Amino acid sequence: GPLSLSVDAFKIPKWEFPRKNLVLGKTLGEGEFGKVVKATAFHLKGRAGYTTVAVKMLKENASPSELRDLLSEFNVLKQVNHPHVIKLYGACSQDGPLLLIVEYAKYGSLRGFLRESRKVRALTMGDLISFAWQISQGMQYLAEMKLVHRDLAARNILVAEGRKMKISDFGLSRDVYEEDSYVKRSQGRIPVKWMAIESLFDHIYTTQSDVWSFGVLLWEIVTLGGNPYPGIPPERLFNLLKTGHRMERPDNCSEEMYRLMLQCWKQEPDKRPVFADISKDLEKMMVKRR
């Protein structure tokens, strides 16, 4: 089938790293098919000595779907390069289990980073605007590469040295250089509360559904890692969404910031901002703060 082909094609040098030069450590978390461990790599792509890295692999009892996801992620990260997208350094596929060797972000996930925080780790509204803008810049680059990410959320943004945002989890990203949409027949594996109305109902993903998700991520940013649609079960979302409802303005959120969220959630995808406008809007908010 499609996977046996992918596994054989794959299994037969710029990305290949010797397993014996990688040392694995503690688990950092479980993703959308994968496990991420802290690791250290010896003589990694021209860096003399050990470099602290993160390693993505399969959990116990991995399914065909998870393995395809991991191979898919690996194939997207090869093509992708941007200071606000997680960096890929290699893979180990010859001696044992498939391991992806990626950039380590010192502060962990954005959700976790925000939930350890307060308002004024003491974070300003400028810091929160800054985070959202970096992410938006990363998204505009991916949108320019013709890639829908599909799984945009605070748990999938990492915080690197100097509080730099890194977009991660590319297991679910799709190529759209051709039809400008990715249409999935079976049911998706992206959390219900982060999905655009057309993705939920019609299984259509586009850069415009990434914008929807981004608007949900914005809400997470502004609430310091709050839980979207709190106390509302996912099954209620079909009806709540189609009848026009949206999360209300959260506390500690300017009128203009809430306007940007709502705009990302417009029912008609063509009336949502593109990432270039989002970056423009957030820039404009940053400079008027003073």
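When you see a residue number, it is the position in the sequence shown, counting from 1. Rigid core here is just the name for the largest C-alpha set that superposes within 1.5 Å across the two forms.
Of the two stretches examined, 29 to 37 and 42 to 50, the one with higher mean CA deviation in 6 other deposited structures of this protein after a rigid core fit is 29 to 37. Coordinates are given for every residue of the deposited sequence from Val183 through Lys184, so that no gap is recorded there. Deposited sequence between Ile12 and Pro13: 1 to 3 residues lack coordinates. Relative to one another, 121 to 129 and 107 to 115 have unequal mean CA B-factors, and 121 to 129 is the one with the higher figure. According to the PDB record, 175 to 183 carries the higher mean C-alpha B-factor of the two stretches 175 to 183 and 196 to 204. Ranked by Cα temperature factor within the chain, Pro191 sits in the lowest third according to the deposited record. For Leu237, the recorded CA B-factor ranks within the middle third of the chain. Only modelled residues enter the ranking. Among all modelled residues in this chain, the alpha-carbon of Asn252 has a temperature factor (C-alpha) in the highest third. Among the modelled residues of its chain, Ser136 has a C-alpha B-factor that falls in the lowest third according to the deposited record. In the PDB entry, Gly49 places in the middle third of its chain by CA B-factor.
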